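Reviewing the structure listed below.
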Amino acid sequence: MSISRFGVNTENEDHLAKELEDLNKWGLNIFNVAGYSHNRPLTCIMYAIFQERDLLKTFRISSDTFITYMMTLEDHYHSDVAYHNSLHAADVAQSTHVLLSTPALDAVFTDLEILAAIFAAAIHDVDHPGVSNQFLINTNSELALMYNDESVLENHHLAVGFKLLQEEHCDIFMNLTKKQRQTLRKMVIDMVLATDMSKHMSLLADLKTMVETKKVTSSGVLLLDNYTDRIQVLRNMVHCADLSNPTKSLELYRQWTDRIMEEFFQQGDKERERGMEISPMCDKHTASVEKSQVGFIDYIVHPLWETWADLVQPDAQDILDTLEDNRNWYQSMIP
Ligand SMILES: O=C(O)c1ccc(-c2cc3cccnc3c(-c3cccc([N+](=O)[O-])c3)n2)cc1
Ligand SMILES: [Mg+2]
Ligand SMILES: [Mg+2]
Ligand SMILES: [Zn+2]
């Protein structure tokens, strides 16, 4: 049955199953998953990932409760937002799922840490309005005041992600112990807050420290016996998943760029219509898409992935290669 198999009822079962053969691959096409799942990419991908990792059984989560929660979570992502909709969330969850399976990190993380990372990815952008934290701050949002202008949306995504668990038959963590729930909550909070782009540098600095003090075993697997080191790697992994668009196939990457640019232009028109000063990248009349992608990669995405590649060398070399190739392509497209 469709639901028991994919967590969603679809008229394209055979096609959805073919796409899902790439569940553990960096090359999975989430756009197609969406197209063969009646546009339920997040519910479908989260169900597939959990079945793949046997998380439902391990954590005594009924398929029904999980599907109910996932469908609700997905319903809370805006479909009228060009980039920060459920497709992006599904993509980050799937990317994180692949990153957790990096050979160099084999048997490094606990099952609870794995659960927390994938869950964090799924809820990391829930109810995103399509405008930045600065826009919320500049317009004196009640949300901004509430979180003292720090990680405004990130704190909101967390509040929503957790609150939905209180919905009818939505508590997927009902059977965890008080200790497991406390641990998971703290780790998820840590990983979602880590997606706050303004924290980029604090994260990368920690990651370099992890590379510098790197320790591997005979097999070649990294050594991270202490949570204090592991949570720094997990925060950076979800951050890398969040900034993984430029590392995917050019075809996927180009679609991601078109979407984020549309969202930027949306905010630009909002600011414009409110006599506000248009934010950088948000002016559709002066935006330089290609040059901006090159800057994005050179200053932010590459520095991060290069360090990540060093940490798990050589598992992420092809990802770095792809990033570099995509960078040069957009560079050649600058008029
Ligand atoms: O405030 C946030 O939470 C936030 C802000 C920007 C992005 C983002 C995503 C991109 C995806 C694909 C290509 N580009 C993306 C960019 C981006 C695009 C053009 C330029 C830059 N940049 O940093 O200069 C970044 N930004 C995500 C999240
Ligand atoms: Mg975000
Ligand atoms: Mg909303
Ligand atoms: Zn995100």
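We count ligands from 1, going down the list as the structure has it; atoms in each ligand are counted the same way. In this chain, residues are counted from 1 in sequence order. Computed from heavy atoms alone, side chains included, the values below leave out hydrogens, waters and symmetry copies.
A donor-acceptor distance shorter than 3.5 angstrom exists from the side chain of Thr177 to the backbone of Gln180, with no hydrogens or angles considered. Judged by distance alone, with hydrogens and angles left aside, the side-chain atoms of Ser244 form no donor-acceptor pair with the main-chain N or O of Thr247 at under 3.5 Å. In this structure, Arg181 contributes its side chain and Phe173 its backbone to a donor-acceptor pair below 3.5 Å. In this structure, the side chain of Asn155 does not engage the main chain of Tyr147 through any donor-acceptor pair within 3.5 Å. Between the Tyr36 side chain and the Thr10 main chain, no donor and acceptor come within less than 3.5 Å of each other. The backbone N or O of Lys25 lies less than 3.5 Å from a partner atom in the side chain of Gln94, making a donor-acceptor pair.
When only non-hydrogen protein atoms are considered, atom 2 (C) of ligand 1 lies nearest to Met197 CG, 3.8 Å. Closest to atom 22 (N) of ligand 1, if we only count protein heavy atoms, is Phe296 CD1, 3.7 Å. With hydrogens left out, the protein atom closest to atom 10 (C) of ligand 1 is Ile260 CG1, 3.7 Å, a heavy atom.
Residue-level proximity to ligand 1 for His84 is carried by the side chain, the only part with a heavy atom below 4.0 angstrom. Of all the heavy atoms of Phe264, the ones lying under 4.0 Å from any atom of ligand 1 belong exclusively to the side chain.
For the residue pair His78/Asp80, the side-chain donor-acceptor check at 3.5 Å is satisfied.
The closest heavy-atom contact to atom 11 (C) of ligand 1, among the options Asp196, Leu243, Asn245, comes from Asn245.
Taking every non-hydrogen atom of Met281 and a distance limit under 4.0 Å, the qualifying atoms of ligand 1 come out as 19 (C), 20 (C). Within the listing of ligand 1, atoms 11 (C) sit less than 4.0 angstrom from a heavy atom of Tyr83.
Using a 4.0 Å cut-off between a side-chain N of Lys or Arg and a carboxylate O of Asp or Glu, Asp269 and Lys284 qualify as a salt bridge. Under a 4.0 Å N-O distance rule, the pair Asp225/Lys215 does not qualify as a salt bridge. In this structure, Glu21 pairs ionically with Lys18, as a charged nitrogen and a carboxylate oxygen lie closer than 4.0 Å.
Among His157, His128, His124, the one residue that satisfies the ring-ring contact (aromatic ring centres under 6.0 Å, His included) test with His88 is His124.
The minimum distance between the Mg ion (ligand 2) and any N, O or S atom of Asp125 involves atom OD1.
Checked against a 3.5 angstrom limit, the closest N/O atoms of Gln293 and ligand 1 fall inside it.
Around the Mg ion (ligand 3), the protein N, O or S atoms closer than 2.8 Å are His78 NE2, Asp127 OD1, listed by chain and residue number.
Within the coordination shell of the Mg ion (ligand 2), defined by N, O or S atoms under 2.8 Å, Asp196 is absent.
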